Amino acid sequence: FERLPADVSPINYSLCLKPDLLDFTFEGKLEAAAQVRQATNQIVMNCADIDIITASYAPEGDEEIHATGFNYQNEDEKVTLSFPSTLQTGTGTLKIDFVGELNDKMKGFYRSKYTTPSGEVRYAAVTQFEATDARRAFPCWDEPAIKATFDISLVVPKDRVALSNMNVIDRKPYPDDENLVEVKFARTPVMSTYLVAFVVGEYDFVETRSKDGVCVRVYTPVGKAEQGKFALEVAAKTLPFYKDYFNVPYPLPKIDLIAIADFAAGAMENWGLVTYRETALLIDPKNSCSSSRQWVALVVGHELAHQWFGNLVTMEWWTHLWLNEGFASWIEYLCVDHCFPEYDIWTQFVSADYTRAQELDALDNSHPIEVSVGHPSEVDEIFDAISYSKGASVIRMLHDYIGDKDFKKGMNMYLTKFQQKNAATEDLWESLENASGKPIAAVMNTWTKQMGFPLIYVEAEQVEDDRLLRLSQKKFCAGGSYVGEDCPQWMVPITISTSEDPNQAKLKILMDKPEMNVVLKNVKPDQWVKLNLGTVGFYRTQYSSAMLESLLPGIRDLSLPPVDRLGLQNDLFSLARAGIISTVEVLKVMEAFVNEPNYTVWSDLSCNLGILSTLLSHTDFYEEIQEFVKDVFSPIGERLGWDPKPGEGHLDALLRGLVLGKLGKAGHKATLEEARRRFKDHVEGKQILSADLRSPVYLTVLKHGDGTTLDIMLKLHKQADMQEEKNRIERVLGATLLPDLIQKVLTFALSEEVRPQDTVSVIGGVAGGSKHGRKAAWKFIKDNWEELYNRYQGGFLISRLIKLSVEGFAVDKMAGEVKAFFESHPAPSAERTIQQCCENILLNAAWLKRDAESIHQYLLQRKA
């Protein structure tokens, strides 16, 4: 791959597109003011799905020279426009009229199917150019570093709204068609082609004015303007936040957020015209959830952050796309946390991007964040959950290492320097290094140019009133000690806190050595020491036995912040699974979480204990670990109770469902008895139970029920009114324990009553229900492999079916059985999932064989 010759660079695009609806085509003429930087006889542009009618170049004050040479290269999406004579150095005007297609590929200038408040089914002209689809709406230099200004014009019917990046400056009628009106927009600033936007359709709107004076609007489908009210007030507060943080005003005169029906791209940060899918921007009061207002605040703060970082200053090449999305993925939580501190959104960030990035970065076949991108198709291949989640995680670690003071100063220097220009990743490290005086380029190179993350071991010794800390770093791997003689090293900024001040740093350090000693002044032995305050650093911490015991009071009295309790517990399970520490040591810490009120912490607690419970189901003391789970969740269960208390939040309803389902599955007698009261009153029409208690009650009564209970659930499903009620049953049907009922659920998955896209959910619940239910699900998909393969081959479902079925196995002999099965019955699209699952089975197998009897003897001694 090679970029455009750059012998002719654009200056201003004058576009006028007439979307031919019903015919699904469009015609448009382009007057591109350009500069000939080097004498050439041909101009090379990007173009796809567009046939040029005629094209001529008119130099300044001269006659136009029509092009008599056309060359369409579809594999490279580039077109060469040859001319009879050399164009010579100077300024000219490239005039190109052409015709295009409103394709069905949800890319470029395509058609968007929407339904009126009555029906009829109409189509709209919606745009989407990122990454390289602007060349399908009009021929252009479709590269982010080739910036120019845009004069957008649209010839739309009178009864249809035409939006674009800028505001409307003229609305004159169309002479050839009385039913059409040409809408001309203002001139955009210097920007990239992949951020240009224009949409044609029928939309209602709600408007407001931000404190900066910027006109904010939320465009909704016809008849849903009230649903975009919340997104409007969030966007109206988001602009002043980024204005104050960047010390740079909003670069455009107006901001628009339009909700589109079935918007495939999800969300696009088009400069001034941010597009969403209505299921992610609007809040339907009779269909939305509880945390929907939280999800809207995040998606609005993310794309509006790009209006500065990404649109005002754009990446030089797609190699730096991770930094554009990683920065926005981090500052979106900073914006929501400032406007809505009642969310404690940073605890959910650690539970989302942070932990998910540490899972992938600790396994084999990982890759560094920044990878050189040659062809723009290589993007879709080498960027994944690693480049974005770990990308946002290292930015958070960098912000904490810099400090919010110098970080704001460096970003203002960065934005003002490269405004309406382009920059690379190294340009950002320089602007931050100038404002902070810290070696940012050197530190960040260890986190971007190599894969993996370090494990920080810390040991404590009391020296007078101070405490000496001995730190060492090594590459962390989910399997254990990293085998390899390269010995990776990281420059690790570490924030340390003590019990005397658990919410602010006791000491900030930078570990640029494999081993390092640290002295904390005035730290009494009765005080605990916590590394990685706020879990801001992208690393795992292994505490010594003495240091871990000192942290137990901090967990119990909640003085340790919830985000710290989340990260501490998550590190303990990973270290025990890797064989670095014992599992018994982790189980003793679980007893200190009995006072935990935070939903996110319990969510990760329940997830980790669920992995261990299903792992220990292969042993002869599965009753002992269930009794242990009941003791951990009993106090929080009694605190929440069964009915919503006066003035609860939305997380307390979610936490009640998680806790009750955990106790119900573990056999908690009081929970099982009450769940049967609610279920028998729900099926007899005496009092329908809440939708929040519905899933835990179903799981509990079905696991501890019989064939009568299963028939009731099947009657609730075949009679279920909506699809949502069906899915809530399909996930819990696998909780049955009797073998003939398990086979009945598996057969029910492939029946006509279950839709094929939901069949994997039913079989997934069977594999996760019990040990014999997992073996029955694995045998079921082997006997019916011909049908299941024909159903989901080459799709996402076949990888999800294999994942949910075999990941729970804890026998190393079983890992060799799934690898041998897919060597005789190939599944090409799921080749990567089989390798991850086989490595995961061997990991759980070694973990089980190493710690089985130690856990057993711990549970017996604890009970006495």
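Residue numbers run from 1 along the displayed sequence.
- Look at the mean CA B-factor for 384-392 and for 503-511 in the entry; the higher one is 384-392.
- Annotation for 220-228 versus 761-769: the higher mean temperature factor (C-alpha) is found in 220-228.
- If you compare the C-alpha temperature factors of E638, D104, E433, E130 in the entry, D104 comes out highest.
- In this structure the maximum Cα B-factor among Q489, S292, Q450, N532 is found at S292.
- Among the modelled residues of its chain, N844 has a C-alpha B-factor that falls in the lowest third, as given in the PDB entry.
- For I146, the recorded CA B-factor ranks within the middle third of the chain. Only modelled residues enter the ranking.
- Compared with the other modelled residues of the chain, the Cα B-factor recorded for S854 ranks in the lowest third.
- Placement of the Cα temperature factor of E596 within the chain: lowest third of the modelled residues, per the deposited record.
- Ranked by C-alpha B-factor against the other modelled residues of its chain, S118 falls in the highest third.
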